[PDB]
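Asker: enclosed are the sequence and the experimentally obtained structure.
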Protein chains: 4
Amino acid sequence: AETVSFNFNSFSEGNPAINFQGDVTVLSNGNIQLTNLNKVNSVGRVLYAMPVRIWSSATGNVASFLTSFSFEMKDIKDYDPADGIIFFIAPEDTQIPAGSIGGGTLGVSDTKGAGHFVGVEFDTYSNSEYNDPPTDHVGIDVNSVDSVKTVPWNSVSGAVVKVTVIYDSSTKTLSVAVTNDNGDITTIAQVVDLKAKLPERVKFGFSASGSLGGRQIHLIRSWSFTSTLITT
Amino acid sequence: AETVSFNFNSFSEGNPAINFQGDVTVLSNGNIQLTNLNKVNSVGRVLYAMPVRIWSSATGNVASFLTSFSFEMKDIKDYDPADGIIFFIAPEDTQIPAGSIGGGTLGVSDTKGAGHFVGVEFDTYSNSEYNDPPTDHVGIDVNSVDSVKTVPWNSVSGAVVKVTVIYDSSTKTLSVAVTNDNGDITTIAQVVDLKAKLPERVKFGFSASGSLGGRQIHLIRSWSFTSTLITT
Amino acid sequence: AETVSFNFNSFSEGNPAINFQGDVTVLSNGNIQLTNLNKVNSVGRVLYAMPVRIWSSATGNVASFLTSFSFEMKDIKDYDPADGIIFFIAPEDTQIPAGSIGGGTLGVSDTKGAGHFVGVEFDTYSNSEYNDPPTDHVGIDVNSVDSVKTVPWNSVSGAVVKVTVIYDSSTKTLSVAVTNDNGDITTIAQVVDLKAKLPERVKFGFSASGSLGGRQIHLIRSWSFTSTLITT
Amino acid sequence: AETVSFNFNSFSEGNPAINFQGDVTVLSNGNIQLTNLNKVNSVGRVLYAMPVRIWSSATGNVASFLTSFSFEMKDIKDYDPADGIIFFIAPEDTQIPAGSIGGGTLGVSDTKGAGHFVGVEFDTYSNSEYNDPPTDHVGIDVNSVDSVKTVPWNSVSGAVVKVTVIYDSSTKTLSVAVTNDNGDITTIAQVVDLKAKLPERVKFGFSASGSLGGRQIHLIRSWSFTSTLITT
Ligand SMILES: OC[C@H]1O[C@H](O[C@@H]2[C@@H](O)[C@@H](O)O[C@H](CO)[C@@H]2O)[C@H](O)[C@@H](O)[C@H]1O
Ligand SMILES: OC[C@H]1O[C@H](O[C@@H]2[C@@H](O)[C@H](O)O[C@H](CO)[C@@H]2O)[C@H](O)[C@@H](O)[C@H]1O
Ligand SMILES: OC[C@H]1O[C@H](O[C@@H]2[C@@H](O)[C@H](O)O[C@H](CO)[C@@H]2O)[C@H](O)[C@@H](O)[C@H]1O
Ligand SMILES: OC[C@H]1O[C@H](O[C@@H]2[C@@H](O)[C@H](O)O[C@H](CO)[C@@H]2O)[C@H](O)[C@@H](O)[C@H]1O
Ligand SMILES: [Ca+2]
Ligand SMILES: [Ca+2]
Ligand SMILES: [Ca+2]
Ligand SMILES: [Ca+2]
Ligand SMILES: [Mn+2]
Ligand SMILES: [Mn+2]
Ligand SMILES: [Mn+2]
Ligand SMILES: [Mn+2]
């Protein structure tokens, strides 16, 4: 079978295994900081440089994958803790939307909240224009930040969060399990047909954004990934 | 929220947090060995001693959980490498079925393969009496070892296998990610209504079995777990 | 290593991880209330349901533990604010003393003040029959409410109190740090050989009590714990 | 009672409340990075700017204190993960030793390993010249990096570590509890007469160092502190 597998205990710019877009930067501690605290409508995204083949036009087979990552969001004076981080999957040529306003678009959608991507968002601000729930939340997005589904969550400033994601191609189910500083686990799952929503080859990554008054530290600390596609 | 969480990097015979049943034994290296290589129809099970409320009768709420564990199965002469291991959930009064014939029952069912439990099996022998697929496989079991669903897999003697399981209460989806020796991942997911199949309080654990001619080393090396039930 | 770690941010009566004894009750806010304000000689205790092995007869090793908890004691008309709360450790079979008179016994000892337990008391009433110092105090008890050692302290009605306790097995030192509302910390430490005073298997918990004329609200708000026993 | 209390959830290169010495820097994420990964024999230290009065020349009384802090150490290509971090107490005029060679001195002592300070070290390299134990370890130091006492420990690269320290003045005992990545807690306690070893007013802080071939990321993420001196 065809398998893609990698693991980042730390990140470093100048490492070809990753694409850097927007205001992203890598701190001396190896952490990826997606947004620039000193910019309006800041937007930063990171992508595994190598495109991953998630499905086949020859066989119709779709890959299954298991990926885990840890991130950290932390408040700062004197802006609102916004806007959040989104782990996403998109066409290999994906780029930050032209004239991106950042903010609630999480750096992957247009002003209306649309784009070509599937992702899991960790939202820390309620944008009514995208029908966000009243509190912080984890959401499953399919070509829109107006989540197909969300679950109440709480972004704890300064806390390291661990996420586990399983995509079962057979049932087309994307399951997500997220850590919480208080010890609880939060989960959300959703049937998502990657073959119908995304091209055969895609890029996986992370994006985060802020606005004029909405800014916070967005860090990606580690990331492991393994996908397997049955070939014939 | 009511949460039960723990993390076992190794095991010990004296830990009251673990219920030992049957032929289970603890090796000097901290590994748990489930079956006795010298006994016929051997059955050994290990359960977390703390009952877990997977659902509430008062609120109707159902918990979600994340758990990971690693195990190892190793051949031995001159017996057939059987029968396998099963990660299961059962009522808190659960015990090895009286008069258990072990073998293909995996220590959780009767001769007919029926029982009161939900589990994920790592089956290394094809029992036609339970409609097993022809090769080694991972299966989702609901009150029977005649799996509700299975996926082809391969048990490599002496290999360490990493497993990640996510149960999303909202969708009632049980997702399993199995990371093989060769690096490939294998997944299987199934909608299982724990609230409809099990009581409010249950126990989680592992069971393994053998027959007269089928015997192998069944080891549980580690186990982390977190389940959360929304209360109040 | 053998480790036991849990973290209660709040409580619930149906949570199997907690043994309730006596007049204990759970408030809608998740707080545990140990005594019954309307009962003479009230006694209420709460225990972590699972036995904790604090030392091994096979290795002679004793565990170290770090535990933090917050409680609150508030006066009421027209009773004297008594008698206090005690964080204790005792045999796994520990029950409220038969015919307990509550009051100065704190629900862990008999009339003479003797019992089988080790604990840190937050005493708010001076019982001369137990040689209490003249004012409120924190004390280290070993099989008796006639403290092996005490330190002047002040129980502020309605004040939330935080406590951190460290037990270093190697030095057998039980160190306590109490953070009052006014910000000051109060500490007391005492060498206590848990191995010599307690059985290998014990249970940790809290107890509070009152008399006919001595009653007050005793609340346990949170409790985190981690013990580690070196296994060799 | 004279109480000194503070809390840092993040730091900033501009808050005078902290003295920055040597190569220390403050990252955009609010973390303090003690050493410069690009410098030979790098040394960085941070001190709470306000001197703390730990004892009275009038009463002879000594203060008790409770402090908690979190840190992180991560490896880097292609140097040995060294040398570690030390939480220390020293005269208010304390400065990095003249002509410091960094390395095993941890930035608080001369070449022989001598200095004027009391501290808890999180050592990640075995210096025979200072009688270090063979593995990583937590040590209690008194005017020397040739620890008065040590306990085996393990520094996990990329892991956030929480530490809690209690100093009980009456028993002159310094107790430490370290919360590791795998869940276990590591403790060490030692009687240290602060009044006999340190001046009336001191500064508390953190220090880390590296050498030519020994370098790693030394981060301080947070730090809470409370000390109380009884005045009669
Ligand atoms: O506060 C941060 C947020 O900023 C923007 O949201 C609104 C803004 O449109 C306007 O309504 O004013 C309020 C309060 O001043 C908010 O700032 C972004 O649209 C959000 O994404 C978020 O960053
Ligand atoms: O061979 C291991 C195997 O033993 C038992 O079943 C087999 C059966 O499938 C085969 O047809 O015949 C042999 C010899 O009579 C055994 O009966 C167990 O039931 C099975 O689980 C496995 O352990
Ligand atoms: O007042 C509350 C107090 O009641 C009981 O003791 C007192 C005793 O200290 C006092 O001297 O006399 C009264 C009247 O007889 C009570 O005996 C409890 O023993 C004590 O713990 C406290 O609850
Ligand atoms: O390798 C990091 C390590 O360097 C130094 O330790 C010894 C050094 O004293 C000795 O002379 O040579 C060996 C190998 O070249 C090591 O470098 C530092 O003293 C030590 O603190 C640590 O930083
Ligand atoms: Ca939003
Ligand atoms: Ca079978
Ligand atoms: Ca008393
Ligand atoms: Ca050293
Ligand atoms: Mn959203
Ligand atoms: Mn089967
Ligand atoms: Mn007392
Ligand atoms: Mn050392």
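Answerer: Nice, I can see it. Numbering: from 1, shown residues only, chains lettered A, B, ... in the order given. Ligands and ions are numbered 1, 2, ... in the order given.
Asker: tell me the strands beside the longest strand along chain A, with direction?
Answerer: When chain A is parsed with DSSP state E, its longest strand is strand A:217-229. Here strand A:217-229 is paired, per DSSP bridges, with strand A:2-8 (antiparallel), strand A:32-33 (antiparallel), strand A:64-74 (antiparallel).
Asker: that one vs ligand 1: in contact?
Answerer: No: with C-beta under 6 Å from any ligand atom as the criterion, ligand 1 is not reached by strand A:217-229; the gap is at least 12.3 Å. Yep, even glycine has a C-beta here, placed from its N, CA and C like the rest.
Asker: buried sites along that strand?
Answerer: A:217, A:218, A:219, A:220, A:221, A:222, A:223, A:225, A:226, A:227, A:228, A:229 (16 or more other C-beta atoms under 10 Å in any protein chain shown).
Asker: looking at the strands paired with strand A:217-229, which is buried most?
Answerer: Greatest average neighbour count among the strands paired with strand A:217-229 goes to strand A:32-33 (a mean of 24), per mean count of other C-beta atoms under 10 Å in any protein chain shown.
Asker: and the contacts of that strand?
Answerer: Residues outside strand A:32-33 that contact it (C-beta atoms under 8 Å, 6 or more residues apart in numbering or on different chains): A:11, A:24-27, A:44, A:46, A:206, A:217-221, D:28-29.
Asker: what residue in chain A comes nearest to ligand 8?
Answerer: residue A:29 (21.7 Å; C-beta to the ion).
Asker: from residue D:85, how far off is the nearest residue to that residue once chain neighbours are set aside?
Answerer: In space, not counting the residues next to it along the chain, residue A:29 is nearest to residue D:217; the distance is 5.2 Å by C-beta to C-beta, 6 or more residues apart in numbering or on different chains. To residue D:85, residue D:217 is 11 Å away according to C-beta to C-beta, to the nearest Å.
Asker: pull up the overlap in contacts between the two.
Answerer: residue D:73.
Asker: please verify my assumption that residue A:159 contacts residue A:182.
Answerer: No: counting by C-beta atoms under 8 Å, residue A:159 stays clear of residue A:182, with 9.4 Å between them.
Asker: ok so, going back, distance between the longest strand of chain A and the chain's centre?
Answerer: Strand A:217-229 has its C-alpha centroid displaced from the chain centroid by 9 Å (C-alpha atoms, centre = their mean, to the nearest Å).
Asker: again, but for stretch A:17-27
Answerer: Worked out by C-alpha atoms, centre = their mean, stretch A:17-27 lies 14 Å from the chain centre.
Asker: wait, does that stretch contact chain D?
Answerer: Yes: counting by C-beta under 8 Å from any C-beta of the partner chain, chain D is contacted by stretch A:17-27 at A:25, A:27.
Asker: stretch A:34-43 too?
Answerer: Yes: contact of stretch A:34-43 with chain D (C-beta under 8 Å from any C-beta) involves residue A:37.
Asker: which SS state does the residue sitting nearest the centre point of chain A fall under?
Answerer: Centroid-nearest residue in chain A: residue A:87, 1.2 Å away (criterion: C-alpha atoms, centre = their mean). Classification of residue A:87 by DSSP: H, G, I helix; E, B strand; the rest coil places it in strand.
Asker: bridged to it, which residues?
Answerer: residue A:120, residue A:206.
Asker: again with residue A:140
Answerer: Bridge pairing for residue A:140 - DSSP bridges - gives residue A:120, residue A:149.
Asker: list the contacts of it.
Answerer: Residue A:140 sits next to A:119, A:120, A:147, A:148, A:149, A:150, A:174, A:176, A:188, A:189, A:190, A:192 when contact means C-beta under 8 Å, 6+ apart.
Asker: rerun at 7 Å
Answerer: A:120, A:147, A:148, A:149, A:174, A:188, A:190, A:192 (C-beta atoms under 7 Å, 6 or more residues apart in numbering or on different chains).
Asker: from the residues you listed, keep the buried residues only.
Answerer: A:120, A:147, A:149, A:174, A:188, A:190, A:192.
Asker: wait, the fifth one touches residue A:148, no?
Answerer: Put plainly, it is residue A:188. No: using C-beta atoms under 7 Å, residue A:188 makes no contact with residue A:148, being 10.2 Å away.
Asker: identify the residue spatially nearest to residue A:193, adjacent ones excluded.
Answerer: residue A:172 is the one closest to residue A:193 (C-beta to C-beta, 6+ apart), at 5.1 Å.
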